[PDB]
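Contents: one structure, followed by commentary.
Residue numbers (my numbering), protein chains in the order written: chain A, 4 to 62; chain B, 4 to 62; chain C, 4 to 62; chain D, 4 to 62.
Here you go:
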């Protein structure tokens, strides 16, 4: 019970950190067209990882 | 039921975003021999992650 | 039994290696504001992955 | 049955591709002390991911 909830909470933290990485790569691309594509893909991965955390919560 | 299907759908989105990252690293390598090796490996990871999403669907 | 314990031990090793990556990116940022943000996010991911390993142990 | 075996096979492919990434980052570091640390950490992650694939096989 509590173990699966701990896993979901940890996965939520991972999604938040991956979104922070996407923003930083955006700023690197500003300082680039290919790097911007990487940052937008990383943002989509963060969104999907947050969806996984919620589904694990439902389990 | 619906939770495991949500996980598979999210993993499919992750594989699509990782394939987008592989293409972008390819274009960086054009702008490199080692970087091209990284892009080809990332493409194989995207292919394997999509296989994982389908197997989770079967579960 | 032993298989789930093996998975947790492997995930612990992954968290240790991700923390090593975060430190190395810190040193790259010293040699940078965006790169430092990436290193701090990677450290948080390592912390969360270690939490996942312990929860899998409890399972 | 077959779904869990498919997941293990896919995870084995991911470990092989991550080892290929580690070698490429090694060659980038040759072309660096921090980059070499990243490559050695990525190699350890590939080793751990292969251990996870085998434990999933045992499951």
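Backbone N, C-alpha and C define an ideal beta-carbon position, used for all residues, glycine too.
request  = Find out if the Cβ-Cβ distance for the pair residue 42 of chain D, residue 29 of chain D is shorter than 8 Å.
outcome  = yes
request  = With DSSP collapsed to three states, give me the class of residue 33 of chain A.
outcome  = helix
ask   = Does DSSP classify residue 53 of chain B as helix, strand or coil?
value = In the three-state reduction of the DSSP assignment, residue 53 of chain B falls in the helix class.
query = Leaving out the 5 sequence neighbours to the left and right, which residues in its chain are closer than 7 Å to residue 24 of chain D when beta-carbon positions are compared?
reply = 45
ask   = residue 47 of chain C touches chain A at which residues, Cβ-Cβ below 9 Å?
value = 16, 17, 19, 20 and 23
ask   = So, are the CB atoms of residue 59 of chain C and residue 7 of chain C less than 8 Å apart?
value = In contact: residue 59 of chain C and residue 7 of chain C (Cβ atoms closer than 8 Å).
query = Are the beta-carbon atoms belonging to residue 20 of chain D and residue 56 of chain D less than 8 Å from one another?
reply = no
inquiry  = Within 10 Å of its beta-carbon, does residue 36 of chain C have 16 or more other beta-carbons around it, so buried, or fewer, so exposed?
reply    = Residue 36 of chain C counts as exposed, since fewer than 16 other beta carbons sit within 10 angstroms of its beta carbon.
task = Tell me whether residue 17 of chain C is buried or exposed, calling it buried when 16 or more other Cβ atoms sit within 10 Å of its Cβ.
result = buried
inquiry  = Check this for me: beta carbons of residue 22 of chain B and residue 13 of chain D, under 8 Å apart or not?
reply    = no
query = So, does the CB of residue 30 of chain B fall closer than 8 Å to a CB anywhere in chain A?
reply = yes
Any chain A beta carbon closer than 8 Å to residue 7 of chain C = no
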